[PDB]
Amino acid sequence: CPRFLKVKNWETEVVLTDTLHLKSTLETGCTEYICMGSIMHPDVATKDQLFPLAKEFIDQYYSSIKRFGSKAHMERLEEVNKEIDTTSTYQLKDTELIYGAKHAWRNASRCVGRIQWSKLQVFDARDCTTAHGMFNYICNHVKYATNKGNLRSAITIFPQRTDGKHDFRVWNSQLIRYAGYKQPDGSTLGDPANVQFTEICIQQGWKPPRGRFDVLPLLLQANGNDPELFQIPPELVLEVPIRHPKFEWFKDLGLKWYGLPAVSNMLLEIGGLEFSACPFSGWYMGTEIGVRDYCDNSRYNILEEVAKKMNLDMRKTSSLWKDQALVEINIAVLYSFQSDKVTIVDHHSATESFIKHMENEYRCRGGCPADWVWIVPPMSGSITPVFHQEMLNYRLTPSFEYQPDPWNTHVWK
């Protein structure tokens, strides 16, 4: 690989130089002859696999605190090596855990919100042993991160994987999501993205209200045991009813959304250790709700009803009735969150912040891996500055990774 790589911004002519790609660890999926940049997704570590992975992370940590090569650095290396020898695994210090989690966010090429990466509140839940205890930790996470609408980014980290038969898992894909119910006639009530998980909950004992916006229960697995159901206390679930500053009829659509986006199905990898339950939360970019959740055809799919109430001609695509309604929906989402004082960022502000963040990372870190396909927002892409910014994508560790859905792998007791 070449030592310096240049990226250009085609609207400002700014050229940045990346050297950080030389620390790339895992594979992108691309080759010299094919690029998999738009592919959405392109039994443990042995003692011998673990040694070099831990040393790499420990070296990186001691370099970050300006103590590389120090007595404490060499001592930590030796203590980790011994621990891997006698137990075939090792435990992270609290300092290392916090550094690792922050950097997994810093390295997340698909995240436009990373200017905030260093202000992550890390909750250490490695002492947790039961699903009730997981429920307690998650309730505390939700209450802290919500903060009455002044949202704060946070992560809660449950015990790492050991032999793969004792995984901690949150079976929910996000901590707060709405149920979906398939009907005998083929229609769907609620959120069509969550139909599979809803059916699982119902099979596990959940009594479904069968409404349009039913907060799903938590389904929590500790130490490889069968998962258990818990209802989040509704006073902890902050929600925003959606209304429009101009269209009085918009509130009559009965739409609302939850304030806290909190991913709970990813895997956090630090120094070769695997934290399979590590729910993390931030705050929304408006388009995640107003474009994807609401206007995706396989989601709530409200473009038609909004367009009807806007009295647009919906017979010709070239009237751009979809585009016109999509903007108003996103105007309403941003207006409703700001009116209720719940943190939210519009796509113009977020992408301008990300450009400033990326320039700082190139200057102070030597690069910033970024996945253009994910960074550019799903509406008005080219009137945001990220559209014109060349990006390099590569995988640094620590990182957040996808993992198989737990119902596909769990050995029922």
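Just so we're on the same page, rigid core means the largest C-alpha set that superposes within 1.5 Å between forms. Each residue number is its position in the shown sequence, starting from 1.
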Is 68-76 or 295-303 the stretch whose C-alphas end up farther from this model in 8 other deposited structures of this protein after a rigid core fit? 295-303
Consider 269-277 and 180-188 separately and indicate which one has Cα atoms farther, on average, from the shown form in 8 other deposited structures of this protein after rigid core alignment. 180-188
Absent coordinates for residue 43 in a third or more of other compared entries: yes
Note how many residues of the deposited chain are left out of the model between residue 42 and residue 43; the options are none, 1 to 3, 4 to 9, and 10 or more. 4 to 9
The stretch carrying the higher mean Cα B factor in the deposited entry, 377-385 or 26-34, is 26-34
Could you settle it for me: does 294-302 or 112-120 have the higher average Cα B factor in the PDB entry? 294-302
Among 315, 126, 141, 103, the highest C-alpha B-factor in the PDB entry belongs to 315
Among 206, 258, 171, 135, which residue carries the highest C-alpha B-factor recorded in the PDB entry? 206
Going by the recorded CA B-factors, say which third of the chain residue 283 sits in, lowest, middle or highest. lowest
Cα B factor band for residue 159 (lowest, middle or highest third within the chain): lowest
Of the three thirds of its chain by CA temperature factor, lowest, middle or highest, which one includes residue 368? middle
Assert third(CA B-factor, residue 87) within chain per record equals highest
Quick check for you: using the entry's CA B-factors within this chain, is residue 240 in the lowest, middle or highest third? lowest
